[PDB]
Protein chains: 2
Amino acid sequence: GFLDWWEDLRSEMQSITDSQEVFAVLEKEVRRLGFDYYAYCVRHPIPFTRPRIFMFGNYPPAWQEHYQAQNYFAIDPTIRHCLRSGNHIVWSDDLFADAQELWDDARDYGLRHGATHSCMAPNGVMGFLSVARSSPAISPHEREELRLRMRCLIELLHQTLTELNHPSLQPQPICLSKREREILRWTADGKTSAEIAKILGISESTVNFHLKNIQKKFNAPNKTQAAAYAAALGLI
Amino acid sequence: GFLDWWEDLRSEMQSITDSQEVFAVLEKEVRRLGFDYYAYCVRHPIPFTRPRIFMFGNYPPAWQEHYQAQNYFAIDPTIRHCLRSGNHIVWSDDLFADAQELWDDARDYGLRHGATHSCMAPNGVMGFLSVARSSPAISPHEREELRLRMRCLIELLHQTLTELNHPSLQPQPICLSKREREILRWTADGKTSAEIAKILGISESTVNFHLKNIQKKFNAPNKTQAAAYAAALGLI
Ligand SMILES: CCCC(=O)N[C@H]1CCOC1=O
Ligand SMILES: CCCC(=O)N[C@H]1CCOC1=O
């Protein structure tokens with residue numbers, strides 16, 4: 001049953017070594033879930049004026065290209081950072097009130113019923129897993145069973161991709177030293193370099209050296225971007 | 001069998017009356033898991049040098065005091081908002097490799113074996129769940145079973161306390177204005193006030209004027225903490 005399903009699925013993911021094998025095993029499971037297509041979206045908090053949004057899925061090619069040209073990823077409630085009750089939500093006609101053009105188009109493309117579960121990794125990463133179909137309708141008895149299985153899929157997706165180091169789940173890799181990480185904390189808490197020189201006992205001259213070295217790693221012109229990026233990525 | 005227990009625990013948890021009854025039924029579930037002690041911890045992202053931590057659990061009161069007096073909550077490996085190895089950490093005799101002074105105190109109070117699971121909410125708040133015992137060791141086949149039963153609990157604990165609107169799960173109410181948001185995003189993305197004056201049709205004195213009122217809400221002395229604090233709270 002459930003224990004059997006999760007056991008075999010953990011085996012397949014721990015066995016592969018390519019990104020394509022991940023997205024082939026998922027498409028198989030989603031077909032077994034009773035849905036026609038799926039879609040996995042990973043978005044990062046940085047940059048704040050242009051959050052990177054990545055798209056992976058098997059939606060009909062005519063729709064994947066429509067969803068990109070029509071800029072639907074900017075008015076889509078499914079991919080929204082807002083808090084969702086239980087991180088799970090089923091596609092409702094009223095869910096797309098401020099996006100009636102997106103929902104209307106999706107229905108004539110064979111995407112009438114589906115759900116979306118949103119995980120959240122501690123490094124700013126927030127994943128969205130969507131499953132869609134057209135003929136069936138989410139039966140209530142299936143509602144609760146669907147949430148549990150999809151939380152399994154997106155939790156094992158996150159696990160395998162980050163274990164395989166796929167660039168979508170790796171937002172701006174930056175190595176921080178034990179001394180460099182603790183300097184950036186007190187700067188992020190608003191204390192000046194002259195004050196951090198005593199907290200750590202490393203002198204003001206040497207404190208500024210590490211900060212500038214951190215600015216170089218962040219592509220940061222100043223120390224305010226280095227602190228904001230580090231705070232959003234949970235690196236601090 | 002599993003899907004049955006989840007729906008049962010899900011329905012019994014729907015009784016939103018008091019938080020005391022919530023922590024009680026969680027206690028009975030840990031007992032059903034075969035463990036003697038538990039401890040739930042709510043973690044807010046700021047301040048970065050001393051995160052606001054709310055402590056709930058049935059750990060020995062003298063241990064929760066010694067665990068707090070010595071400030072182990074900052075150097076303990078059981079909690080870690082980073083390198084989430086499957087988001088599960090079956091306490092290993094090697095996990096406490098260095099700085100394992102609290103590993104002696106823990107086993108003296110009767111906590112020989114256990115595990116800890118963590119979860120992240122879109123609003124930056126992060127929860128930690130642990131179960132402890134001292135009589136047996138953790139078998140690998142029940143360990144794979146532990147990953148699901150525990151992830152379901154901390155996922156249903158955040159879900160419940162968010163439905164009850166428990167005050168510990170609420171970050172500081174430091175909301176920004178519309179223009180105050182557009183300006184904080186740019187300042188956090190590294191660029192100076194003089195260039196934001198060019199991006200918008202606004203003067204440099206007016207750009208730096210909002211930066212003063214933004215940090216007044218955060219009670220921050222400089223602009224670096226303001227951007228860093230807003231980013232952690234997901235406000236930018
Ligand atoms: C998570 C990817 C976005 C997504 O699923 N959008 C939905 C809106 C209607 O048709 C779709 O495909
Ligand atoms: C993860 C929360 C803290 C925790 O459960 N740590 C345990 C390990 C042994 O002594 C403790 O206090």
# chains A, B, ... in the order shown; residues from 1 in each chain; ligands from 1
$ calpha_fit_rmsd --fixed "chain B" --moving "chain A"
2.0 Å
$ interface_residues --of "chain A" --to "chain B" --cutoff "8 Å" --atoms "only C-alpha atoms" --output "ChimeraX atom specification"
/A:1-3,47-49,81-83,85-86,120-123,126,144-145,159,185-191,220-232,234-236
$ residues_around --residues "residue 59 in chain A" --least-positions-apart "4" --cutoff "7 Å" --atoms "only C-alpha atoms" --output "MDAnalysis selection string"
chainID A and resid 37:39 63:64
$ residues_near_ligand --ligand "ligand 2" --cutoff "9 Å" --atoms "only C-alpha atoms and all ligand atoms" --output "mmCIF file with N, CA, C and O atoms, in the first residue's frame"
data_model
loop_
_atom_site.group_PDB
_atom_site.id
_atom_site.type_symbol
_atom_site.label_atom_id
_atom_site.label_comp_id
_atom_site.auth_asym_id
_atom_site.auth_seq_id
_atom_site.Cartn_x
_atom_site.Cartn_y
_atom_site.Cartn_z
ATOM 1 N N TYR B 38 9.781 14.532 24.111
ATOM 2 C CA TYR B 38 9.706 15.303 22.879
ATOM 3 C C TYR B 38 9.977 16.765 23.206
ATOM 4 O O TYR B 38 9.979 17.173 24.370
ATOM 5 N N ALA B 39 10.198 17.556 22.160
ATOM 6 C CA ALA B 39 10.458 18.984 22.327
ATOM 7 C C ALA B 39 10.204 19.685 21.004
ATOM 8 O O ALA B 39 10.827 19.342 19.994
ATOM 9 N N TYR B 40 9.300 20.660 21.007
ATOM 10 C CA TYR B 40 9.006 21.472 19.837
ATOM 11 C C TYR B 40 9.608 22.859 20.016
ATOM 12 O O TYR B 40 9.541 23.442 21.103
ATOM 13 N N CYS B 41 10.193 23.379 18.944
ATOM 14 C CA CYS B 41 10.869 24.667 18.970
ATOM 15 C C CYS B 41 10.452 25.472 17.750
ATOM 16 O O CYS B 41 10.527 24.979 16.621
ATOM 17 N N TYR B 59 10.389 17.838 27.966
ATOM 18 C CA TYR B 59 11.714 17.508 28.462
ATOM 19 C C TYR B 59 11.769 17.748 29.971
ATOM 20 O O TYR B 59 11.007 18.560 30.505
ATOM 21 N N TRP B 63 16.450 19.865 32.795
ATOM 22 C CA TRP B 63 17.242 19.780 31.574
ATOM 23 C C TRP B 63 16.954 20.952 30.646
ATOM 24 O O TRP B 63 17.878 21.513 30.046
ATOM 25 N N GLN B 64 15.682 21.336 30.513
ATOM 26 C CA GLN B 64 15.351 22.489 29.682
ATOM 27 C C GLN B 64 15.970 23.766 30.237
ATOM 28 O O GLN B 64 16.252 24.700 29.477
ATOM 29 N N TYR B 67 19.750 23.216 29.518
ATOM 30 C CA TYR B 67 19.872 23.362 28.071
ATOM 31 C C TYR B 67 19.781 24.823 27.646
ATOM 32 O O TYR B 67 20.359 25.208 26.622
ATOM 33 N N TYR B 72 22.946 26.231 24.853
ATOM 34 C CA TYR B 72 23.197 25.183 23.871
ATOM 35 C C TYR B 72 22.358 25.364 22.612
ATOM 36 O O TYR B 72 22.695 24.790 21.571
ATOM 37 N N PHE B 73 21.278 26.143 22.681
ATOM 38 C CA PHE B 73 20.397 26.336 21.536
ATOM 39 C C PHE B 73 21.069 27.065 20.379
ATOM 40 O O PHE B 73 20.415 27.276 19.352
ATOM 41 N N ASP B 76 23.985 23.584 19.099
ATOM 42 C CA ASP B 76 23.548 22.191 19.056
ATOM 43 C C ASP B 76 23.313 21.765 17.609
ATOM 44 O O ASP B 76 22.668 22.500 16.853
ATOM 45 N N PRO B 77 23.823 20.603 17.184
ATOM 46 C CA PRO B 77 23.630 20.180 15.790
ATOM 47 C C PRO B 77 22.249 19.625 15.497
ATOM 48 O O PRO B 77 21.902 19.472 14.317
ATOM 49 N N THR B 78 21.455 19.313 16.522
ATOM 50 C CA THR B 78 20.118 18.786 16.281
ATOM 51 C C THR B 78 19.252 19.778 15.511
ATOM 52 O O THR B 78 18.391 19.365 14.726
ATOM 53 N N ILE B 79 19.461 21.077 15.714
ATOM 54 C CA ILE B 79 18.795 22.117 14.936
ATOM 55 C C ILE B 79 19.809 22.700 13.963
ATOM 56 O O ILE B 79 20.948 22.997 14.344
ATOM 57 N N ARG B 80 19.399 22.849 12.706
ATOM 58 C CA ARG B 80 20.283 23.410 11.688
ATOM 59 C C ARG B 80 19.440 23.822 10.486
ATOM 60 O O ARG B 80 18.881 22.968 9.790
ATOM 61 N N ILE B 89 17.403 14.063 10.977
ATOM 62 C CA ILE B 89 18.700 13.877 11.614
ATOM 63 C C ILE B 89 18.553 12.869 12.745
ATOM 64 O O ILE B 89 18.311 13.246 13.896
ATOM 65 N N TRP B 91 19.714 11.288 15.515
ATOM 66 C CA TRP B 91 20.838 11.617 16.388
ATOM 67 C C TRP B 91 21.872 10.499 16.402
ATOM 68 O O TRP B 91 21.604 9.398 16.894
ATOM 69 N N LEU B 102 27.159 19.181 25.389
ATOM 70 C CA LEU B 102 25.746 18.933 25.646
ATOM 71 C C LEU B 102 25.352 17.483 25.394
ATOM 72 O O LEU B 102 24.272 17.069 25.827
ATOM 73 N N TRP B 103 26.192 16.710 24.700
ATOM 74 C CA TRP B 103 25.908 15.292 24.511
ATOM 75 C C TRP B 103 26.109 14.511 25.804
ATOM 76 O O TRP B 103 25.493 13.456 25.993
ATOM 77 N N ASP B 104 26.959 15.011 26.703
ATOM 78 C CA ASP B 104 27.089 14.393 28.018
ATOM 79 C C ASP B 104 25.890 14.735 28.895
ATOM 80 O O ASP B 104 25.324 13.860 29.558
ATOM 81 N N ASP B 105 25.488 16.008 28.909
ATOM 82 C CA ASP B 105 24.324 16.399 29.698
ATOM 83 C C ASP B 105 23.069 15.690 29.209
ATOM 84 O O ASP B 105 22.231 15.268 30.015
ATOM 85 N N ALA B 106 22.925 15.540 27.892
ATOM 86 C CA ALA B 106 21.712 14.944 27.343
ATOM 87 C C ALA B 106 21.553 13.497 27.794
ATOM 88 O O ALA B 106 20.476 13.089 28.239
ATOM 89 N N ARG B 107 22.619 12.701 27.681
ATOM 90 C CA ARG B 107 22.528 11.294 28.055
ATOM 91 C C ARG B 107 22.454 11.097 29.563
ATOM 92 O O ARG B 107 21.949 10.064 30.015
ATOM 93 N N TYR B 109 20.625 12.979 31.546
ATOM 94 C CA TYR B 109 19.224 13.198 31.876
ATOM 95 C C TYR B 109 18.304 12.137 31.284
ATOM 96 O O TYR B 109 17.083 12.232 31.463
ATOM 97 N N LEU B 111 18.459 10.797 27.775
ATOM 98 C CA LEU B 111 18.165 10.969 26.352
ATOM 99 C C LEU B 111 19.289 10.310 25.559
ATOM 100 O O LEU B 111 20.191 10.981 25.053
ATOM 101 N N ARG B 112 19.228 8.982 25.448
ATOM 102 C CA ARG B 112 20.293 8.247 24.774
ATOM 103 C C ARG B 112 20.093 8.219 23.262
ATOM 104 O O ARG B 112 21.060 8.365 22.506
ATOM 105 N N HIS B 113 18.857 8.035 22.806
ATOM 106 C CA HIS B 113 18.553 7.892 21.390
ATOM 107 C C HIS B 113 17.409 8.822 21.015
ATOM 108 O O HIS B 113 16.583 9.183 21.858
ATOM 109 N N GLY B 114 17.365 9.208 19.744
ATOM 110 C CA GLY B 114 16.286 10.050 19.270
ATOM 111 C C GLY B 114 16.523 10.513 17.845
ATOM 112 O O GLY B 114 17.447 10.062 17.166
ATOM 113 N N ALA B 115 15.653 11.424 17.410
ATOM 114 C CA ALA B 115 15.709 11.989 16.068
ATOM 115 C C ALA B 115 15.022 13.347 16.084
ATOM 116 O O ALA B 115 14.232 13.651 16.981
ATOM 117 N N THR B 116 15.331 14.162 15.074
ATOM 118 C CA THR B 116 14.790 15.511 14.971
ATOM 119 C C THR B 116 14.435 15.825 13.524
ATOM 120 O O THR B 116 15.180 15.480 12.603
ATOM 121 N N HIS B 117 13.292 16.484 13.335
ATOM 122 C CA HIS B 117 12.801 16.865 12.019
ATOM 123 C C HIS B 117 12.465 18.349 12.009
ATOM 124 O O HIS B 117 11.955 18.884 12.998
ATOM 125 N N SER B 118 12.737 19.004 10.880
ATOM 126 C CA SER B 118 12.564 20.442 10.737
ATOM 127 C C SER B 118 11.694 20.752 9.526
ATOM 128 O O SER B 118 11.596 19.962 8.583
ATOM 129 N N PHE B 128 10.983 23.072 14.640
ATOM 130 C CA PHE B 128 11.828 21.912 14.895
ATOM 131 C C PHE B 128 11.090 20.959 15.824
ATOM 132 O O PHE B 128 10.530 21.388 16.837
ATOM 133 N N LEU B 129 11.094 19.672 15.482
ATOM 134 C CA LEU B 129 10.431 18.645 16.274
ATOM 135 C C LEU B 129 11.414 17.527 16.590
ATOM 136 O O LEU B 129 12.152 17.076 15.710
ATOM 137 N N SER B 130 11.409 17.077 17.846
ATOM 138 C CA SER B 130 12.305 16.024 18.299
ATOM 139 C C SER B 130 11.568 15.052 19.210
ATOM 140 O O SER B 130 10.674 15.439 19.966
ATOM 141 N N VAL B 131 11.964 13.782 19.133
ATOM 142 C CA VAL B 131 11.457 12.730 20.005
ATOM 143 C C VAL B 131 12.652 11.995 20.592
ATOM 144 O O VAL B 131 13.639 11.742 19.891
ATOM 145 N N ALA B 132 12.569 11.652 21.875
ATOM 146 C CA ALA B 132 13.707 11.090 22.586
ATOM 147 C C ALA B 132 13.273 9.923 23.459
ATOM 148 O O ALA B 132 12.135 9.862 23.929
#
$ closest_residue --among "A:26, A:150, A:33, A:99" --to "ligand 1" --atoms "only C-alpha atoms and all ligand atoms"
A:99
$ decode --residues "range 4-137 of chain A" --atoms "C-alpha atoms" --output "short mmCIF file (atom, residue, chain, number, x, y, z; two decimals), in the first residue's frame"
data_model
loop_
_atom_site.label_atom_id
_atom_site.label_comp_id
_atom_site.auth_asym_id
_atom_site.auth_seq_id
_atom_site.Cartn_x
_atom_site.Cartn_y
_atom_site.Cartn_z
CA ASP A 4 5.13 -0.18 -0.34
CA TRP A 5 4.74 2.83 -2.65
CA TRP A 6 7.17 5.01 -0.72
CA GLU A 7 9.74 2.22 -0.33
CA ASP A 8 10.06 1.47 -4.04
CA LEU A 9 10.07 5.17 -4.91
CA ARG A 10 12.90 5.94 -2.48
CA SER A 11 14.87 3.14 -4.16
CA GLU A 12 14.52 4.56 -7.67
CA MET A 13 15.70 8.03 -6.66
CA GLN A 14 18.66 6.79 -4.60
CA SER A 15 19.66 4.66 -7.62
CA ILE A 16 19.78 7.22 -10.45
CA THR A 17 22.49 9.80 -11.17
CA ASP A 18 21.07 12.12 -13.88
CA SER A 19 18.54 14.94 -13.87
CA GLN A 20 16.61 13.48 -16.81
CA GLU A 21 16.10 10.24 -14.86
CA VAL A 22 14.50 12.27 -12.07
CA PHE A 23 11.94 13.88 -14.37
CA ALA A 24 11.19 10.55 -16.06
CA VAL A 25 10.45 8.78 -12.77
CA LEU A 26 8.17 11.63 -11.70
CA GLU A 27 6.15 11.65 -14.93
CA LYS A 28 5.60 7.92 -14.41
CA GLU A 29 4.36 8.41 -10.85
CA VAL A 30 2.05 11.28 -11.84
CA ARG A 31 0.51 9.02 -14.47
CA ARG A 32 -0.01 6.48 -11.68
CA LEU A 33 -1.49 9.28 -9.55
CA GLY A 34 -4.33 9.45 -12.09
CA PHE A 35 -3.36 12.72 -13.80
CA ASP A 36 -2.45 13.54 -17.38
CA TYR A 37 0.38 16.05 -16.92
CA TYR A 38 2.44 17.80 -14.24
CA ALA A 39 4.65 20.86 -13.75
CA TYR A 40 7.48 21.64 -11.31
CA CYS A 41 8.45 25.27 -10.66
CA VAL A 42 11.34 26.42 -8.47
CA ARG A 43 11.59 30.13 -7.65
CA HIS A 44 14.23 31.91 -5.59
CA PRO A 45 13.84 35.05 -3.44
CA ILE A 46 16.84 36.77 -5.06
CA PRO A 47 17.12 39.10 -6.83
CA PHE A 48 14.30 41.00 -5.12
CA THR A 49 13.47 43.05 -8.23
CA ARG A 50 13.61 39.98 -10.50
CA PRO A 51 13.07 36.68 -8.65
CA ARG A 52 14.38 33.87 -10.81
CA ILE A 53 11.57 31.51 -11.85
CA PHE A 54 12.44 28.10 -13.29
CA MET A 55 10.01 25.88 -15.18
CA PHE A 56 10.08 22.10 -15.55
CA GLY A 57 7.15 19.95 -16.61
CA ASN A 58 5.37 17.93 -19.26
CA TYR A 59 2.37 20.15 -20.02
CA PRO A 60 1.27 20.07 -23.68
CA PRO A 61 3.99 21.81 -25.72
CA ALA A 62 1.37 24.18 -27.14
CA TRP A 63 0.54 25.25 -23.58
CA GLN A 64 4.10 25.42 -22.22
CA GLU A 65 4.87 27.91 -24.99
CA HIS A 66 1.61 29.80 -24.46
CA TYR A 67 2.25 30.05 -20.71
CA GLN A 68 5.64 31.69 -21.40
CA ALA A 69 4.68 34.17 -24.12
CA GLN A 70 1.50 35.32 -22.35
CA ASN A 71 3.55 36.10 -19.21
CA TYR A 72 1.14 33.95 -17.21
CA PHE A 73 3.85 33.19 -14.62
CA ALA A 74 3.40 36.75 -13.28
CA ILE A 75 -0.36 36.58 -12.62
CA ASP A 76 -0.61 32.89 -11.69
CA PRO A 77 -2.03 32.18 -8.20
CA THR A 78 -0.66 28.62 -8.22
CA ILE A 79 2.91 29.99 -8.30
CA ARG A 80 2.48 32.57 -5.56
CA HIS A 81 4.63 33.02 -2.46
CA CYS A 82 1.56 33.62 -0.30
CA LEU A 83 0.84 31.24 2.57
CA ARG A 84 -1.44 28.33 1.61
CA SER A 85 -3.50 26.35 4.12
CA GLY A 86 -1.45 23.18 4.50
CA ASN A 87 0.66 24.19 1.47
CA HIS A 88 -1.98 22.35 -0.61
CA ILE A 89 -4.69 23.82 -2.83
CA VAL A 90 -7.05 22.48 -5.51
CA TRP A 91 -7.85 24.32 -8.73
CA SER A 92 -11.06 26.30 -8.26
CA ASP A 93 -12.80 28.64 -10.68
CA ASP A 94 -12.78 31.39 -8.04
CA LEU A 95 -9.08 30.82 -7.33
CA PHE A 96 -8.30 32.64 -10.58
CA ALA A 97 -10.42 35.75 -10.00
CA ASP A 98 -7.60 38.25 -10.56
CA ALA A 99 -6.39 36.01 -13.42
CA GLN A 100 -9.53 35.14 -15.39
CA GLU A 101 -7.58 35.15 -18.67
CA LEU A 102 -5.13 32.49 -17.48
CA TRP A 103 -7.78 30.11 -16.14
CA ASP A 104 -10.02 30.54 -19.18
CA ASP A 105 -7.20 29.61 -21.57
CA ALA A 106 -6.12 26.59 -19.51
CA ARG A 107 -9.57 24.99 -19.65
CA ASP A 108 -9.69 24.75 -23.46
CA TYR A 109 -6.16 23.28 -23.44
CA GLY A 110 -7.23 20.23 -21.43
CA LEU A 111 -6.23 21.46 -17.96
CA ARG A 112 -9.55 21.48 -16.10
CA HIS A 113 -8.75 19.77 -12.77
CA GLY A 114 -5.60 19.56 -10.69
CA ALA A 115 -3.80 20.61 -7.53
CA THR A 116 -0.58 22.31 -6.44
CA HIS A 117 1.56 21.52 -3.38
CA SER A 118 4.29 23.96 -2.34
CA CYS A 119 7.35 22.95 -0.33
CA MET A 120 9.97 25.36 1.02
CA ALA A 121 13.67 24.64 1.49
CA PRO A 122 15.66 26.64 4.07
CA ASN A 123 17.76 28.37 1.36
CA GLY A 124 15.06 30.66 -0.02
CA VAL A 125 14.12 27.95 -2.49
CA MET A 126 10.36 27.42 -2.72
CA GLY A 127 9.18 24.57 -4.95
CA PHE A 128 5.79 24.25 -6.64
CA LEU A 129 4.57 20.86 -7.89
CA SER A 130 1.43 20.92 -10.05
CA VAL A 131 -0.58 18.03 -11.46
CA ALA A 132 -3.36 18.48 -14.00
CA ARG A 133 -5.93 16.53 -15.98
CA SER A 134 -9.16 17.21 -17.85
CA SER A 135 -11.68 14.35 -17.54
CA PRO A 136 -11.67 13.35 -13.85
CA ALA A 137 -12.56 15.65 -10.97
#
